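Everything on this sheet refers to the single structure shown next.
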Amino acid sequence: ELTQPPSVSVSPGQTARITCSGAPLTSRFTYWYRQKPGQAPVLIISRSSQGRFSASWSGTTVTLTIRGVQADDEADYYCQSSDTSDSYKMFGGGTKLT
Amino acid sequence: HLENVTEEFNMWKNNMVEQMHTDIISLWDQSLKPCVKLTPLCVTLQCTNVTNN
């Protein structure tokens with residue numbers, strides 16, 4: 001079970017961090033999504049090769065750092081990568097950014 | 001070319017197959033002994049899985 005916060009909080013102007021923890025993060029790169037309630041989960045984090053949105057790898061965790069929280073970004077965020085056997089994928093929880 | 005000549009051949013015990021094997025060692029040596037000897041390269045190393053995902 002991917003270990004995310006289901007919600008995080010931040011005030012008009014500050015930065016924030018969402019940590020998606022677990023086991024397979026020491027092996028596979030991490031990809032993220034933005035589902036505004038009922039929308040199509042927008043892809044924001046990729047591995048284009050071996051601006052305001054990024055994610056820092058750290059062992060059992062990969063921390064999604066968000067800079068510049070306009071209220072336009074209130075949504076459920078989902079971390080998703082792959083297990084160590086490269087067969088199946090699955091998603092974490094769904095972090096409501098307040 | 002020779003017509004009506006039946007000399008008995010040998011490609012295995014052929015003394016030239018061994019003469020050939022000896023050449024690759026000396027061009028080595030005479031392009032080896034006058035270059036950089038590297039026994040200082042046996043100093044302990046610190047190694048790690050490289051900069052990747």
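Please note that chains go A, B, ... in the order of the structure tokens, that every chain numbers its residues from 1, and that ligands are numbered from 1 in the order shown.
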
Which residues of chain B come within 12 Å of chain A, and for each one, what is the closest pair of atoms and their distance in Å to one decimal, counting only C-alpha atoms, sorted by chain and residue number, as JSON lines?
{"residue": "B:49", "atom": "CA", "partner": "A:27", "partner_atom": "CA", "distance": 11.4}
{"residue": "B:50", "atom": "CA", "partner": "A:50", "partner_atom": "CA", "distance": 11.3}
{"residue": "B:51", "atom": "CA", "partner": "A:50", "partner_atom": "CA", "distance": 8.9}
{"residue": "B:52", "atom": "CA", "partner": "A:50", "partner_atom": "CA", "distance": 6.2}
{"residue": "B:53", "atom": "CA", "partner": "A:29", "partner_atom": "CA", "distance": 5.6}

Give me a file of those residues, with C-alpha atoms, as a PDB file, in the first residue's frame.
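This went into part-v6.pdb:
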ATOM      1  CA  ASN B  49      25.385   2.133  -8.639  1.00  0.00           C
ATOM      2  CA  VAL B  50      25.587   5.129 -10.952  1.00  0.00           C
ATOM      3  CA  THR B  51      23.569   8.354 -11.298  1.00  0.00           C
ATOM      4  CA  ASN B  52      20.238   7.062 -12.571  1.00  0.00           C
ATOM      5  CA  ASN B  53      16.616   6.460 -11.640  1.00  0.00           C
TER       6      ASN B  53
END

Give me every alpha helix (DSSP H) residue in chain B, going by DSSP on the backbone, as a list in words.
residues 15, 16, 17, 18, 19, 20, 21, 23, 24, 25, 26, 27, 28 and 29 of chain B

Export N, CA and C atoms of the chosen residues as a short mmCIF file (atom, residue, chain, number, x, y, z; two decimals), in the first residue's frame?
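The new file out_21.cif reads:
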data_model
loop_
_atom_site.label_atom_id
_atom_site.label_comp_id
_atom_site.auth_asym_id
_atom_site.auth_seq_id
_atom_site.Cartn_x
_atom_site.Cartn_y
_atom_site.Cartn_z
N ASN B 15 53.51 -26.96 -38.55
CA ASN B 15 54.33 -26.14 -37.67
C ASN B 15 54.09 -24.64 -37.85
N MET B 16 53.28 -24.23 -38.82
CA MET B 16 52.99 -22.82 -39.01
C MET B 16 51.81 -22.33 -38.18
N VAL B 17 50.88 -23.22 -37.81
CA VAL B 17 49.78 -22.82 -36.95
C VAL B 17 50.29 -22.38 -35.59
N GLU B 18 51.41 -22.96 -35.14
CA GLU B 18 51.99 -22.55 -33.87
C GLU B 18 52.88 -21.32 -34.02
N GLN B 19 53.59 -21.21 -35.15
CA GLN B 19 54.38 -20.01 -35.42
C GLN B 19 53.50 -18.77 -35.40
N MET B 20 52.26 -18.90 -35.87
CA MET B 20 51.35 -17.76 -35.92
C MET B 20 50.93 -17.33 -34.51
N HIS B 21 50.66 -18.30 -33.64
CA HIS B 21 50.20 -18.00 -32.29
C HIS B 21 51.25 -17.24 -31.48
N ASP B 23 53.25 -14.77 -32.59
CA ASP B 23 53.51 -13.41 -33.03
C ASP B 23 52.72 -12.39 -32.20
N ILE B 24 51.46 -12.70 -31.90
CA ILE B 24 50.59 -11.76 -31.21
C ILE B 24 51.10 -11.41 -29.82
N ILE B 25 52.04 -12.19 -29.29
CA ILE B 25 52.55 -11.95 -27.95
C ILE B 25 53.69 -10.92 -27.97
N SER B 26 54.47 -10.87 -29.05
CA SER B 26 55.66 -10.03 -29.09
C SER B 26 55.37 -8.60 -29.53
N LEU B 27 54.50 -8.41 -30.53
CA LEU B 27 54.03 -7.06 -30.82
C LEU B 27 53.39 -6.44 -29.59
N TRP B 28 52.70 -7.27 -28.80
CA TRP B 28 52.26 -6.87 -27.47
C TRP B 28 53.44 -6.41 -26.63
N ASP B 29 54.40 -7.31 -26.37
CA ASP B 29 55.52 -7.01 -25.48
C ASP B 29 56.32 -5.80 -25.94
#

Would you list the contacts of segment 32-40 of chain A as a list in words, taking every protein, DNA or RNA residue within 6 Å and counting only C-alpha atoms, but skipping same-chain residues closer than 2 positions in sequence?
residues 42, 43, 44, 45, 75, 76, 77, 78, 79 and 80 of chain A

List the neighbours of residue 24 of chain A out to 8 Å using only C-alpha atoms; skip same-chain residues closer than 6 positions along the sequence, and give me the result as a JSON list (two decimals) with C-alpha atoms, in the first residue's frame.
[["chain", "number", "residue", "atom", "x", "y", "z"],
["A", 60, "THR", "CA", 11.73, 4.58, 0.87],
["A", 82, "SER", "CA", 5.72, 0.29, -10.50],
["A", 83, "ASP", "CA", 6.67, -2.66, -8.33],
["A", 84, "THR", "CA", 10.09, -4.30, -8.55]]

Going by DSSP on the backbone, which residues of chain A come out as strand (DSSP E)? List them as an NGL selection string.
:A and (7-8 or 16-21 or 31-35 or 42-43 or 53-58 or 61-66 or 76-80 or 95-97)

Show me, as a PyMOL selection string, the residues that have an atom within 12 Å of residue 6 of chain A when counting only C-alpha atoms, minus same-chain residues fewer than 3 positions from it.
chain A and resi 2-3+9+18-20+75-79+92-98
